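Below: the structure, in structure tokens.
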Amino acid sequence: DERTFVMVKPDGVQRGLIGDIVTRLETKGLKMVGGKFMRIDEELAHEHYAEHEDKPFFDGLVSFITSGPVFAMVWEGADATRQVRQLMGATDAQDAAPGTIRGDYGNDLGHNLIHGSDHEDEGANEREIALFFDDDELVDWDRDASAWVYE
Amino acid sequence: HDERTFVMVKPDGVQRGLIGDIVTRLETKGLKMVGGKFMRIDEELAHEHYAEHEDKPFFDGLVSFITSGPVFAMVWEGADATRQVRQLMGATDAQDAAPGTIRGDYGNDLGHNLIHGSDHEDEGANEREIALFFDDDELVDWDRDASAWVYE
Amino acid sequence: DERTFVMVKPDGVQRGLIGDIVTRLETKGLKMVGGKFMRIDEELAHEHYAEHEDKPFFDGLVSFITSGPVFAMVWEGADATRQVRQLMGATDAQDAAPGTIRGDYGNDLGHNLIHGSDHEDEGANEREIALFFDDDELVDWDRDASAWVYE
Amino acid sequence: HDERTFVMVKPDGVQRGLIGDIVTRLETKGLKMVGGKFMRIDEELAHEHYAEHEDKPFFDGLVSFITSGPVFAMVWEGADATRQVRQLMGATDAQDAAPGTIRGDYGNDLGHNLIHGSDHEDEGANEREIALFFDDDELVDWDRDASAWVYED
Amino acid sequence: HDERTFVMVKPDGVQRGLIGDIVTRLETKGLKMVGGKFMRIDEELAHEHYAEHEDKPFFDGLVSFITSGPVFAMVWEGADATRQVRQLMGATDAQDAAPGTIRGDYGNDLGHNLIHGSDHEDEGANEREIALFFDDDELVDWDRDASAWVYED
Amino acid sequence: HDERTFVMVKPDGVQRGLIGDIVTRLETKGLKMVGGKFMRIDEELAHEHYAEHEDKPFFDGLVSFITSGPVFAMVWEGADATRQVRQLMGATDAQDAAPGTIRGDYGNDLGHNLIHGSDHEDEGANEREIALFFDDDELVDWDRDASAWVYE
Ligand SMILES: Nc1ccn([C@@H]2O[C@H](COP(=O)(O)OP(=O)(O)O)[C@@H](O)[C@H]2O)c(=O)n1
Ligand SMILES: Nc1ccn([C@@H]2O[C@H](COP(=O)(O)OP(=O)(O)O)[C@@H](O)[C@H]2O)c(=O)n1
Ligand SMILES: Nc1ccn([C@@H]2O[C@H](COP(=O)(O)OP(=O)(O)O)[C@@H](O)[C@H]2O)c(=O)n1
Ligand SMILES: Nc1ccn([C@@H]2O[C@H](COP(=O)(O)OP(=O)(O)O)[C@@H](O)[C@H]2O)c(=O)n1
Ligand SMILES: Nc1ccn([C@@H]2O[C@H](COP(=O)(O)OP(=O)(O)O)[C@@H](O)[C@H]2O)c(=O)n1
Ligand SMILES: Nc1ccn([C@@H]2O[C@H](COP(=O)(O)OP(=O)(O)O)[C@@H](O)[C@H]2O)c(=O)n1
Ligand SMILES: [Mg+2]
Ligand SMILES: [Mg+2]
Ligand SMILES: [Mg+2]
Ligand SMILES: [Mg+2]
């Protein structure tokens, strides 16, 4: 089924929010299939944020995403992409609603805790998952509790 | 004797370990439990609970779901209680329920959507569902003292 | 398998701790098979606390257990009786360790939140479950997640 | 920012044991406590705090409530705090507040709505409410080192 | 009881955003907040607070720490509070504290052990520490109505 | 470069939705994550991880369990970290683990006991298990700034 790249940004890691974020996505019933603590180098960052290469915030973006380790993940479940952006709330954490990840934990745009593939960008999920993870690092399993999450 | 609403952790809620989490949002919200029963819904009881959907495609699978494992059936009392419960639960379809609600936090399905609560917008749905699942000998008439601090 | 009678006392109910207690016992992997919000009358109380009928605290005990509603339960799982008294902690909540129900939520002996059949009293569990619940009120089901809780 | 706002757990939040949850909420949001006092509010102080309401029918009910038990008074600081805190609280009427907010998880009353927070849409309310509850000697000037991860600048 | 104890989130607990968790812990235990102040501790006050330690080798490191950032000072009241609070905290050395206690869930240092609480085994420590941090005008006398369910008498 | 311990949410931890809850107790405790990998353990890898129990009755069922679903494999850094982790996890047999520990709170079995962490009392178990499950290219050398407030 549908998967999406999700990553806890260096602010999240530094602020010790990996658990809380993982718990939010497990508790929503979703299935972790890839998971990796790693540091993003500047060539990986440049390739990740490519779409923003002309923007005035780019150099600060790569600077930040490269400023400490992240926890990179793939998640699978029904409608996962969009479900995950709903959990995360709005991109600017100062605008995110309470009960979402950024509404609860951030109030900044740059240091906004987390990233999730944009479902409105068709193919963003598969392209980012293939950026961060090799097929060898992604795990096919059956989460048994899926029989009670879904009809 | 204030406003009561019927509320049900569905078999998926029970399977996934979520009874206490749901109960905790109801009491934390300040609502009072007056009935509470762990039970299996038999097929007649579900025909009656879901009589209004008998014509609809999803009916058969709805009756099979709601009888496919035990439920936790509840009655909850408090000011504007039906509607407060519908807001805590969020959208019937959990893929659209807002994060912070019970379905936005815990579910990713419309059939397997954790819980039921009476629809305040269907007039007398509460009184009827309560009366369907509970005898008046299993509702409990009590005063929750912290009520004195929940309301003015 | 083994079941045990567990009940949230009127202090627990009044203090809005039913959820938290239920969650603790579901999260430990145990299976709810009976569950009932009810009031204990004085004949049920007298029969429940019979063993304490001579003690100086009896009349205060029945008075309290009868002072508001309780939430009466049966729980099943491996070694359930003893596992549950371990969750509850010590009878006097002022002596219970932090991380147990009474260590976290009480500090009184009388108003000590909760009751669980005493595993050291052989047959206490079956005798109390049959006191509070008829066989019609207890549910036989398969909690699927039991396949991951137990070998 | 040096942006500060005044925040108060009201006598109901205090009585229901929710001082800690409200504080975790604000801390977890990355906001910096700079003032904080457990205290009783008396007649004069409530009449001034609420005086914008002196001509209103719920006024006497309100001074009676806000004076019926202790409150936890506070000041918090951070980017857009006054506004962020207001969003965290939810609608003034808890029965209208969205689940996820303080009021939507914990209240369903208008009078007993847990909590108060300076109105960002009333210019000066924050600095006025703070100077009401706190002398400048009771506010702390410090650096929450985690701020460098909450914010980029 | 009128049994009160002095409790302090230390500068590490304050910086790590744990004021709220510690307060929820105490509230949830059914204990009554009667005093509470966010504040900075200076030289004189620490030298007196800790003076039983004036002759010890960790003393200078300790005044430096307890003075390196703000603390949340408190007073709590209830049955056997001083002792209950001490058990809630766990061993003074967090790396020795049992999981379930404040120190065992959140610390693993001796210097930076989150929190302080009057020693019930030192007679007078509670009433002495409280009078140290609080004037009697800053303590509140009230009735937590839930107390009637926490206790039978 | 301080003390590191290897820690593993076992397949049951992963199935039951407990990865984040465990990770949250490790970070809340102040320990630093330096490695972290969601993976399936193959049979050779489990022969090596459990070589010391190869003679024992429970070995075969142990290798079948630990390969029966994916795991979350971690490395954790901090003062006295091996032993701090063994205390957070509590007794190997979860029916005896104390409430407050990860096993006392979440488990009721000895085989299905949620997590593994290196035994501080077996000298060099940490360095060896870490080296077994992680290449040195997947350990991350970083400074967690709130360390400045966790320790003196
Ligand atoms: N003015 C801006 C815009 C975006 N950004 C950051 O760059 C990231 C990617 O931007 P984006 O438009 O793809 O937003 P999302 O897909 O993450 O919602 C955001 O998450 C922001 O953190 C920023 O720092 N400043
Ligand atoms: N296509 C549909 C529509 C509803 N249903 C289920 O049947 C239930 C009752 O539908 P309903 O519109 O009366 O919803 P509620 O009153 O529970 O909000 C829902 O909770 C859905 O779980 C379904 O399974 N499939
Ligand atoms: N001195 C005492 C002893 C017991 N009790 C209460 O009576 C209950 C039953 O006593 P018990 O000796 O069977 O203790 P448990 O089986 O509940 O551990 C306890 O839970 C106490 O609440 C009391 O109020 N005062
Ligand atoms: N009709 C009303 C309106 C407000 N109030 C109370 O009075 C307070 C102050 O009114 P307000 O419009 O300034 O509300 P906020 O500034 O707290 O959002 C509220 O928090 C309500 O508790 C009331 O009791 N009845
Ligand atoms: N060897 C030691 C002993 C204590 N201390 C610190 O000094 C404080 C006071 O010592 P204490 O024996 O009165 O400890 P408590 O009364 O807080 O249990 C402790 O909380 C430790 O933080 C230290 O830094 N080094
Ligand atoms: N009879 C036994 C004993 C141990 N074991 C399992 O094998 C694991 C390793 O045993 P161990 O004594 O080396 O324990 P730890 O180093 O993980 O504390 C345990 O975590 C138990 O789950 C078992 O399945 N059956
Ligand atoms: Mg984009
Ligand atoms: Mg309907
Ligand atoms: Mg007994
Ligand atoms: Mg071993």
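If you're wondering about the labels, chains in the structure tokens are A, B, ... by order shown, residues count from 1 in each chain, ligands from 1 in order shown.
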Residues of chain C within 8 Å of chain E, only C-alpha atoms counted, as a count of residues only: 17
Contacts with ligand 4 at most 10 Å, only C-alpha atoms and all ligand atoms counted, listed as a ChimeraX atom specification: /B:152 /D:7-8,10,49-53,56-63,65-66,86,89-94,109-122,125
Test item: chain B residues at most 9 Å from chain C, counting only C-alpha atoms, as a ChimeraX atom specification: /B:14-28,30,32-40,69-70,72,74,138-146
Selection export as a short mmCIF file (atom, residue, chain, number, x, y, z; two decimals), in the first residue's frame, atoms kept: N, CA and C atoms:
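Saved file selection.cif follows:
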data_model
loop_
_atom_site.label_atom_id
_atom_site.label_comp_id
_atom_site.auth_asym_id
_atom_site.auth_seq_id
_atom_site.Cartn_x
_atom_site.Cartn_y
_atom_site.Cartn_z
N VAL B 14 -11.86 -2.09 21.18
CA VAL B 14 -11.61 -3.07 22.24
C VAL B 14 -10.38 -3.91 21.93
N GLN B 15 -10.30 -4.47 20.72
CA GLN B 15 -9.13 -5.22 20.23
C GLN B 15 -7.80 -4.45 20.37
N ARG B 16 -7.78 -3.17 20.02
CA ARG B 16 -6.56 -2.36 19.99
C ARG B 16 -6.17 -1.74 21.33
N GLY B 17 -6.89 -2.06 22.40
CA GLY B 17 -6.46 -1.63 23.71
C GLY B 17 -6.84 -0.20 24.05
N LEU B 18 -7.96 0.27 23.53
CA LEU B 18 -8.27 1.69 23.57
C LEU B 18 -9.42 2.06 24.47
N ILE B 19 -9.94 1.12 25.24
CA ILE B 19 -11.09 1.42 26.09
C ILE B 19 -10.75 2.55 27.10
N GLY B 20 -9.71 2.34 27.87
CA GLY B 20 -9.31 3.31 28.86
C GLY B 20 -8.97 4.70 28.31
N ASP B 21 -8.40 4.76 27.10
CA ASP B 21 -7.96 6.00 26.47
C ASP B 21 -9.19 6.86 26.12
N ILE B 22 -10.27 6.17 25.75
CA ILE B 22 -11.49 6.82 25.32
C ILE B 22 -12.20 7.23 26.55
N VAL B 23 -12.24 6.35 27.54
CA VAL B 23 -12.94 6.64 28.77
C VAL B 23 -12.23 7.86 29.40
N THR B 24 -10.90 7.86 29.36
CA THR B 24 -10.10 8.96 29.94
C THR B 24 -10.41 10.30 29.27
N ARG B 25 -10.63 10.35 27.95
CA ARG B 25 -11.05 11.63 27.35
C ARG B 25 -12.44 12.05 27.72
N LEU B 26 -13.33 11.11 28.04
CA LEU B 26 -14.65 11.49 28.44
C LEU B 26 -14.66 12.06 29.84
N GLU B 27 -13.99 11.43 30.79
CA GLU B 27 -13.99 11.93 32.14
C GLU B 27 -13.11 13.26 32.33
N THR B 28 -11.98 13.32 31.64
CA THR B 28 -11.10 14.44 31.62
C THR B 28 -11.84 15.64 31.08
N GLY B 30 -14.89 16.16 31.70
CA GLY B 30 -15.78 16.52 32.76
C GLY B 30 -17.11 15.80 32.70
N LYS B 32 -19.82 12.63 33.00
CA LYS B 32 -20.02 11.71 34.09
C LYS B 32 -20.43 10.40 33.48
N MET B 33 -19.84 9.32 33.92
CA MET B 33 -20.33 8.04 33.51
C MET B 33 -21.52 7.63 34.37
N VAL B 34 -22.60 7.21 33.74
CA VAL B 34 -23.79 6.70 34.44
C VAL B 34 -24.17 5.30 34.02
N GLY B 35 -23.60 4.82 32.93
CA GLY B 35 -23.79 3.42 32.57
C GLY B 35 -22.54 2.91 31.91
N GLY B 36 -22.31 1.62 31.99
CA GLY B 36 -21.06 1.12 31.46
C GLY B 36 -21.13 -0.38 31.52
N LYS B 37 -20.95 -1.04 30.39
CA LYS B 37 -21.16 -2.47 30.25
C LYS B 37 -20.33 -3.03 29.13
N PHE B 38 -19.56 -4.05 29.43
CA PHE B 38 -18.76 -4.77 28.45
C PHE B 38 -19.61 -5.95 28.01
N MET B 39 -19.90 -6.03 26.71
CA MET B 39 -20.88 -6.98 26.22
C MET B 39 -20.61 -7.37 24.76
N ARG B 40 -21.27 -8.44 24.31
CA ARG B 40 -21.29 -8.73 22.89
C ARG B 40 -22.65 -8.33 22.41
N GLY B 69 -16.75 -8.89 17.68
CA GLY B 69 -15.97 -8.92 18.91
C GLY B 69 -16.74 -8.04 19.87
N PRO B 70 -16.43 -8.19 21.16
CA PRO B 70 -17.13 -7.45 22.20
C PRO B 70 -16.99 -5.94 22.14
N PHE B 72 -17.63 -1.96 24.36
CA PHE B 72 -17.79 -1.36 25.69
C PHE B 72 -18.84 -0.25 25.53
N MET B 74 -21.63 2.46 26.95
CA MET B 74 -21.49 3.48 28.00
C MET B 74 -22.61 4.44 27.95
N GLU B 138 -29.49 -0.38 35.21
CA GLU B 138 -28.07 -0.30 35.01
C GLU B 138 -27.54 1.13 34.78
N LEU B 139 -28.42 2.12 34.70
CA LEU B 139 -28.00 3.50 34.77
C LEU B 139 -27.84 3.85 36.23
N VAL B 140 -26.83 4.65 36.56
CA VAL B 140 -26.54 4.97 37.94
C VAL B 140 -26.74 6.46 38.13
N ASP B 141 -27.55 6.77 39.13
CA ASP B 141 -27.89 8.13 39.48
C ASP B 141 -26.92 8.55 40.60
N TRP B 142 -25.93 9.37 40.27
CA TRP B 142 -24.96 9.86 41.27
C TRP B 142 -24.55 11.29 40.99
N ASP B 143 -23.98 11.91 42.00
CA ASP B 143 -23.36 13.22 41.92
C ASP B 143 -21.80 13.16 41.88
N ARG B 144 -21.20 13.60 40.79
CA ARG B 144 -19.73 13.70 40.69
C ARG B 144 -19.35 15.11 41.19
N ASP B 145 -18.82 15.14 42.41
CA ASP B 145 -18.51 16.39 43.12
C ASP B 145 -17.68 17.39 42.38
N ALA B 146 -16.75 16.93 41.55
CA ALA B 146 -15.93 17.85 40.79
C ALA B 146 -16.76 18.58 39.67
#
Apply DSSP to the structure's backbone, then extract all residues of stretch 51-151 of chain A labelled strand (DSSP E or B) and return them as a PDB file with N, CA and C atoms, in the first residue's frame.
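Now in part_29.pdb:
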ATOM      1  N   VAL A  70      19.078  13.384  11.823  1.00  0.00           N
ATOM      2  CA  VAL A  70      17.641  13.254  11.662  1.00  0.00           C
ATOM      3  C   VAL A  70      17.205  11.823  11.863  1.00  0.00           C
ATOM      4  N   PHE A  71      15.925  11.553  11.868  1.00  0.00           N
ATOM      5  CA  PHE A  71      15.509  10.167  11.934  1.00  0.00           C
ATOM      6  C   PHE A  71      14.538   9.975  10.780  1.00  0.00           C
ATOM      7  N   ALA A  72      15.029   9.269   9.753  1.00  0.00           N
ATOM      8  CA  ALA A  72      14.378   9.165   8.476  1.00  0.00           C
ATOM      9  C   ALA A  72      13.542   7.911   8.453  1.00  0.00           C
ATOM     10  N   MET A  73      12.347   7.996   7.879  1.00  0.00           N
ATOM     11  CA  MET A  73      11.422   6.887   8.040  1.00  0.00           C
ATOM     12  C   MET A  73      10.600   6.733   6.799  1.00  0.00           C
ATOM     13  N   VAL A  74      10.041   5.530   6.647  1.00  0.00           N
ATOM     14  CA  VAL A  74       8.985   5.287   5.687  1.00  0.00           C
ATOM     15  C   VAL A  74       7.810   4.684   6.430  1.00  0.00           C
ATOM     16  N   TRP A  75       6.646   5.145   6.054  1.00  0.00           N
ATOM     17  CA  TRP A  75       5.420   4.679   6.667  1.00  0.00           C
ATOM     18  C   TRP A  75       4.454   4.343   5.562  1.00  0.00           C
ATOM     19  N   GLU A  76       3.708   3.289   5.848  1.00  0.00           N
ATOM     20  CA  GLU A  76       2.747   2.678   4.978  1.00  0.00           C
ATOM     21  C   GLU A  76       1.394   2.597   5.703  1.00  0.00           C
ATOM     22  N   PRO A  98      -3.747  22.938  17.320  1.00  0.00           N
ATOM     23  CA  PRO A  98      -3.407  22.062  18.449  1.00  0.00           C
ATOM     24  C   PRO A  98      -3.835  20.600  18.245  1.00  0.00           C
ATOM     25  N   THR A 100      -2.040  18.500  16.413  1.00  0.00           N
ATOM     26  CA  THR A 100      -1.057  18.087  15.401  1.00  0.00           C
ATOM     27  C   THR A 100       0.329  18.200  15.924  1.00  0.00           C
ATOM     28  N   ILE A 114       9.702  18.331  11.606  1.00  0.00           N
ATOM     29  CA  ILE A 114       9.322  17.160  10.862  1.00  0.00           C
ATOM     30  C   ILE A 114       9.014  17.431   9.400  1.00  0.00           C
ATOM     31  N   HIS A 115       9.131  16.399   8.590  1.00  0.00           N
ATOM     32  CA  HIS A 115       8.838  16.505   7.188  1.00  0.00           C
ATOM     33  C   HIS A 115       8.067  15.241   6.781  1.00  0.00           C
ATOM     34  N   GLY A 116       7.154  15.451   5.869  1.00  0.00           N
ATOM     35  CA  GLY A 116       6.333  14.390   5.362  1.00  0.00           C
ATOM     36  C   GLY A 116       6.072  14.651   3.935  1.00  0.00           C
TER      37      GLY A 116
END
Between atom CA of residue B:131 and atom CA of residue B:10 - distance in Å to one decimal: 18.3 Å
Residues within 9 Å of ligand 7, counting only C-alpha atoms and all ligand atoms, as a list in words: residues 49, 51, 52, 117, 118, 121 and 124 of chain A
Writer output for current selection, N, CA and C atoms, as a PDB file, in the first residue's frame:
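For reference, selection-v5.pdb as written:
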ATOM      1  N   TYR A  49      15.923  19.198  -1.408  1.00  0.00           N
ATOM      2  CA  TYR A  49      15.226  20.466  -1.406  1.00  0.00           C
ATOM      3  C   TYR A  49      15.331  21.150  -2.753  1.00  0.00           C
ATOM      4  N   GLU A  51      13.672  21.434  -5.458  1.00  0.00           N
ATOM      5  CA  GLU A  51      12.542  22.325  -5.763  1.00  0.00           C
ATOM      6  C   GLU A  51      12.670  23.751  -5.188  1.00  0.00           C
ATOM      7  N   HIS A  52      13.374  23.930  -4.066  1.00  0.00           N
ATOM      8  CA  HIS A  52      13.582  25.255  -3.425  1.00  0.00           C
ATOM      9  C   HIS A  52      14.949  25.919  -3.711  1.00  0.00           C
ATOM     10  N   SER A 117       6.110  13.608   3.110  1.00  0.00           N
ATOM     11  CA  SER A 117       5.986  13.810   1.672  1.00  0.00           C
ATOM     12  C   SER A 117       4.690  14.553   1.439  1.00  0.00           C
ATOM     13  N   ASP A 118       4.690  15.454   0.480  1.00  0.00           N
ATOM     14  CA  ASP A 118       3.487  16.222   0.140  1.00  0.00           C
ATOM     15  C   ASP A 118       2.609  15.406  -0.810  1.00  0.00           C
ATOM     16  N   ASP A 121       1.753  16.810  -4.226  1.00  0.00           N
ATOM     17  CA  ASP A 121       2.784  16.604  -5.244  1.00  0.00           C
ATOM     18  C   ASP A 121       2.869  15.142  -5.705  1.00  0.00           C
ATOM     19  N   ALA A 124       5.872  12.603  -5.143  1.00  0.00           N
ATOM     20  CA  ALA A 124       6.806  13.055  -4.101  1.00  0.00           C
ATOM     21  C   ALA A 124       7.156  11.965  -3.065  1.00  0.00           C
TER      22      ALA A 124
END
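Around residue D:20, within 7 Å and counting only C-alpha atoms, the residues found are residues 23 and 24 of chain D; 20, 21, 23 and 24 of chain E, once anything fewer than 3 positions away on its own chain is removed.
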